[PDB]
Protein chains: 2
Amino acid sequence: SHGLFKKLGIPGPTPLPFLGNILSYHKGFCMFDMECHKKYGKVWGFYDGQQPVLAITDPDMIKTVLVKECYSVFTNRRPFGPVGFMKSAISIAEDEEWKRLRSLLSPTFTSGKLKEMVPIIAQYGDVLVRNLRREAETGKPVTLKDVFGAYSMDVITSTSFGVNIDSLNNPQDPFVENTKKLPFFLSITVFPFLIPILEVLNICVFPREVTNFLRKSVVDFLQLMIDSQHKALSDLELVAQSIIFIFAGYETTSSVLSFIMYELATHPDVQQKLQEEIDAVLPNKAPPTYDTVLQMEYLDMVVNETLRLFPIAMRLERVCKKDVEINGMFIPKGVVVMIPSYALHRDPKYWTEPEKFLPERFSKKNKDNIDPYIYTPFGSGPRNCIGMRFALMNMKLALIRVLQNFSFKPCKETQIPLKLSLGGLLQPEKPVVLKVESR
Amino acid sequence: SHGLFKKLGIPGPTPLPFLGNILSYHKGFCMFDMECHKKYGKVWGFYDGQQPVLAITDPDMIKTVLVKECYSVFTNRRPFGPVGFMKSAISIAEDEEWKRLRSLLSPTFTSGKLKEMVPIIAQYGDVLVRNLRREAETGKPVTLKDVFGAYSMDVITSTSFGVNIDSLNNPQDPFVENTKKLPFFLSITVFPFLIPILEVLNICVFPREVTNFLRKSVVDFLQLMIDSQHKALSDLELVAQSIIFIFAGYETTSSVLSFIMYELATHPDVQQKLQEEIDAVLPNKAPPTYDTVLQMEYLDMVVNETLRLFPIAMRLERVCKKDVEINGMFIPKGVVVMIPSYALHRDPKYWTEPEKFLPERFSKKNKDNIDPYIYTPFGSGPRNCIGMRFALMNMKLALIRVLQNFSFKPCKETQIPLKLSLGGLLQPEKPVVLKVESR
Ligand SMILES: CC(C)c1nc(CN(C)C(=O)N[C@@H](CCN2CCOCC2)C(=O)N[C@H](CC[C@H](Cc2ccccc2)NC(=O)OCc2cncs2)Cc2ccccc2)cs1
Ligand SMILES: CC(C)c1nc(CN(C)C(=O)N[C@@H](CCN2CCOCC2)C(=O)N[C@H](CC[C@H](Cc2ccccc2)NC(=O)OCc2cncs2)Cc2ccccc2)cs1
Ligand code: HEM
Ligand code: HEM
């Protein structure tokens, strides 16, 4: 298959037998995407082992793939190794199975249901401040990843199961043992023929401890999914969607929050301007609500600029169902089409000083000079992030309460400039540690 | 997956882990189909390893699968182990790739093109008689499988490539060496996860000698396929369809002819009545033509009754693309639906004395008391045997010339009653040997 892109006339790095271009991932596939963008242009191809992958950076062509030709050609993502029963998760399901799960789960992420989840998940803001109050009296740096990981865990557990744990001060609740389990993954691309082997060996990507407990354990997601019971639902599928929410509500929410605090501490001018906006909207540590969170323009600008610098999905991907000719280029069946979000967010073409953290990019004035198909932190089209608004509301409620009571400064232990780990996840190379003061 | 049919309420034999019901194939899957039909009824399910297979015998439900719901749900067959480039063969291709190959190849099997192929393939009838004249003067039994295999090989080679070999008296032509290559196949069902392994090991089901020669070697099929050059064609695909024709034109044609002669020798009353019909239509060894072959009613009755007793495909199969409820029964996605042709052809319900060779079943009178979805020797629907009329014309031209000059009687070496081999192909357990006289 290594002669497909040279047959179609698409430029790209020459692949090695069996491996393809995977050795070029040694610097991280984000840097690989940037270098390929810099020397090839709007379109290039490469091989994850034997799998051809076509990268596209044209906004019109990206809209055609993510939106216009979604249900017909670009419906599904590229599958991974052993999935087990998680094949019924919405982010993994395909074609009409995904369409069914999308319809059953879409009302669960309504603005109305989100407005009902605000008074519940705000109670853990009072918990996060106290969990941050005690660790701030030490006078020594704090690992936000844990204090945020605790808060984020408290949210998914409460607004999906009513399990009101204090995850930090309770490493004992039966709903914290299993959640605690949320080199190999690269041997899948050289050996894609091994996936059917692991699907009969039942080696899932998780321990047997996790899924067996949640299967029995099976306003909140669990209710609203049982409330709305292609049209049909099942028992094991209910656990699959629950697992998909927990990883998202934990790893993504806490990672972005840690990224935001690093930018707020290393840019204290932005931090005060945010604290002053929060004070003018919520006088003297006033409790935030749904209606008042949407009122903070500069808070929305800070979150958007962090997600530009650190788009935790890095890439969007779709599998070509059939043959197609999109915006003047032929794409054969089986090719994975990929949108390099990280590279596009840092493209010197569309961005002035892309490496700079400049929240004013997303002010009401310039926000219009932003192509929604270059800046895609939540994807786009019928299969974008279904929990975008919940994620934005969750992180902002955390930032308001944390900044209403505390200020954040760097340390000798803080990694400046921050470097990104060269793994499969977009996260800091070393944990973000910051000096925490109070007011 | 072994709990699917008991969940849907469908009866069937209890499967063993890993194996499913494959041990029940020890008596041949034809007998397994008959026994399951006798004790379960219209519908039953079983497992080829982990693969659920649903058998159906209702004519209305069979028409729904083979015809009415073909393009939407039941488009493709059940794939096998390593296919290599043969995935582009029409009998193996899927969905829109098959639809494209079906359109490009359908005019090649037109009655008009067949009428043009008659004067060419009839010249080998003059060759078959001479190849049967010399072996008949021995006074010792003959193996029709070889004399027919020679004739059949001469036909595909001439009416697809103009390669006018005398395959019997020329084991030297470069077009006979490769064609000569036309336990393991059961290890595929217990280990379906090994197919992706063999697709990268490139171990095809053929030697490397065969495909490499035909790829370079690449009225007749080759012309008409290049003449008509989704709409597009390719080089390696041209060889794939050529290989699919050669196996069909050889193994099926000679096997049925051997089955016909066994029935004609063991029923000499049918043999004389056929010889008298041929004489009244073609006076004194007259040369047969297209228009005069269709004029022999009793010849058509003999061929149809042999194909009833020995339907060489044995089973028709379709893969369920989605979920469906057909003629009052729900079929989930992934289930292979199977029509047991051999069992239905010998069902005491629709057939009086099914084990008897009675050509009068297909007389113009009773031919109407025959459900076309119980008697399916060439399948039915958009994916039936595309070469049905060529196969019927080819075998009949062989029978006319062979019976215009010879008569056939059994021997001490003849296996009476004939037993079928318990392999994967429908062929005699031991070769059909018959005494050959002349006139
Ligand atoms: C190694 C390198 C060459 C890479 N190869 C890729 C290919 N590649 C885009 C993925 O498929 N990588 C997977 C991660 C696992 N590997 C490793 C790389 O090879 C095989 C696939 C990925 O993470 N994909 C998700 C699938 C589900 C994941 C994690 C998970 C797994 C099992 C059970 C539960 C969760 N997350 C998830 O449940 O979504 C929640 C979120 C919502 N919002 C942000 S996350 C599909 C997905 C879903 C949403 C957003 C993005 C992606 C990348 S780097
Ligand atoms: C062992 C037992 C449990 C069985 N499991 C099946 C499943 N099963 C219905 C098939 O798929 N078995 C294959 C035979 C190979 N195995 C063995 C069983 O497991 C895996 C599949 C079969 O023969 N299928 C054909 C595929 C192509 C074949 C032979 C061939 C293979 C490679 C290159 C070229 C030819 N023939 C063919 O090219 O067609 C020409 C004809 C036209 N007219 C009569 S033949 C699909 C097909 C096409 C036409 C008619 C019927 C079927 C059965 S018994
Ligand atoms: C900062 C937080 C988050 C970010 C940046 C993010 C980003 C993304 C992105 C880029 C995609 C892929 C969109 C595409 O391929 O077009 C995605 C998919 C998805 N996300 Fe998120 N996500 C976040 C949090 C969440 C949360 C909290 C949930 C649920 C509680 C969630 C649920 C999903 C699901 C289910 C999908 C797959 C949708 C489908 O396949 O139909 N995500 N997310
Ligand atoms: C006595 C001779 C033959 C018999 C009994 C026979 C029987 C069959 C049967 C039962 C099928 C499956 C139909 C279905 O699944 O609905 C089939 C398919 C097929 N046959 Fe034949 N066949 C014969 C000879 C031939 C010949 C001579 C050719 C070509 C030269 C041929 C080409 C094909 C093809 C291409 C298919 C697959 C069609 C598709 O998938 O679109 N067959 N045959």
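Counting starts at 1 for both ligands and their atoms, in listed order. Values reported hereafter were calculated over all heavy atoms of this structure, with side chains retained and with hydrogens, waters and symmetry mates removed. Chain A is the first sequence line, chain B the second, and so forth, proteins listed ahead of strands; every chain is numbered from 1.
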Per-atom contacts of ligand 3 with [X], taking only distances under 4.0 Å to non-hydrogen atoms:
X: A:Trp98; result: 39 (C), 40 (O), 41 (O)
X: A:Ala313; result: 10 (C)
X: A:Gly379; result: 10 (C), 13 (C), 14 (C), 16 (O)

Measure the distance from [atom] to every protein heavy atom, then report the residue, atom name and distance (to 0.1 Å) of the closest one.
atom: atom 45 (S) of ligand 1; value: A:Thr252 CG2, 3.8 Å
atom: atom 9 (C) of ligand 1; value: A:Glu317 OE1, 3.6 Å
atom: atom 30 (C) of ligand 3; value: A:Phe109 CE2, 3.7 Å
atom: atom 10 (C) of ligand 2; value: B:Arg78 O, 5.0 Å
atom: atom 48 (C) of ligand 1; value: A:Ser91 CB, 3.6 Å
atom: atom 54 (S) of ligand 2; value: B:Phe29 CZ, 3.4 Å
atom: atom 40 (C) of ligand 1; value: A:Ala248 CB, 3.6 Å
atom: atom 12 (C) of ligand 3; value: A:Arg77 NH2, 3.5 Å
atom: atom 26 (C) of ligand 2; value: B:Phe80 CE2, 4.2 Å
atom: atom 26 (C) of ligand 3; value: A:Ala248 CB, 3.4 Å
atom: atom 8 (C) of ligand 3; value: A:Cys385 CB, 3.5 Å

message: For B:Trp98 versus B:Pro382, what's the shortest heavy-atom pair and its separation?
response: CZ2-O, 3.4 Å
Less than 4.0 Å is my threshold; does some heavy atom of [X] fall inside it relative to ligand 3?
X: A:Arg318; result: yes
X: A:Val256; result: yes
X: A:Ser380; result: yes

Should the proximity of [X] to ligand 3, defined as any heavy atom under 4.0 Å, be assigned to the side chain, the backbone, both, or neither?
X: A:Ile312; answer: side chain
X: A:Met388; answer: neither
X: A:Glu317; answer: neither

- request: Decide, yes or no, whether a salt bridge links A:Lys99 with A:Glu96 under the criterion of side-chain N to carboxylate O below 4.0 Å.
  value: yes
query: Ion pair present between A:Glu199 and A:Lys87, side-chain N to carboxylate O less than 4.0 angstrom?
result: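 No.
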Is [atom] in close reach of the protein, with a heavy atom under 4.0 Å away?
atom: atom 42 (C) of ligand 1; answer: yes
atom: atom 52 (C) of ligand 1; answer: no
atom: atom 28 (C) of ligand 1; answer: no
atom: atom 32 (C) of ligand 1; answer: yes
atom: atom 21 (C) of ligand 2; answer: yes
atom: atom 38 (O) of ligand 1; answer: yes
atom: atom 14 (C) of ligand 1; answer: no
atom: atom 1 (C) of ligand 2; answer: yes

message: Please list, in number order, the atoms of ligand 2 under 4.0 Å from a heavy atom of B:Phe206.
response: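 Ligand 2 atoms under the 4.0 Å threshold to B:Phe206: 32 (C), 33 (C).
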- prompt: Can you list the atoms of ligand 2 that are under 4.0 Å from a heavy atom of B:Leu186?
  reply: 1 (C), 3 (C)
message: When you measure from the heavy atoms of A:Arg315 to every atom of ligand 1, does any distance fall below 4.0 Å?
response: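 Outside the 4.0 Å threshold, so no.
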Interatomic distance, B:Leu214 atom CG to B:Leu236 atom CG [nearest 0.5 angstrom]: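 B:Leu214 atom CG to B:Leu236 atom CG measures 11.0 Å (nearest 0.5 Å).
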Winner among [options] once heavy atoms are compared against [atom]:
atom: atom 35 (C) of ligand 2; options: B:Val83, B:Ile90, B:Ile244, B:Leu182; answer: B:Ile244
atom: atom 17 (C) of ligand 1; options: A:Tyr25, A:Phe85, A:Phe185; answer: A:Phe185
atom: atom 5 (C) of ligand 3; options: A:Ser106, A:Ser341, A:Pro377; answer: A:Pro377

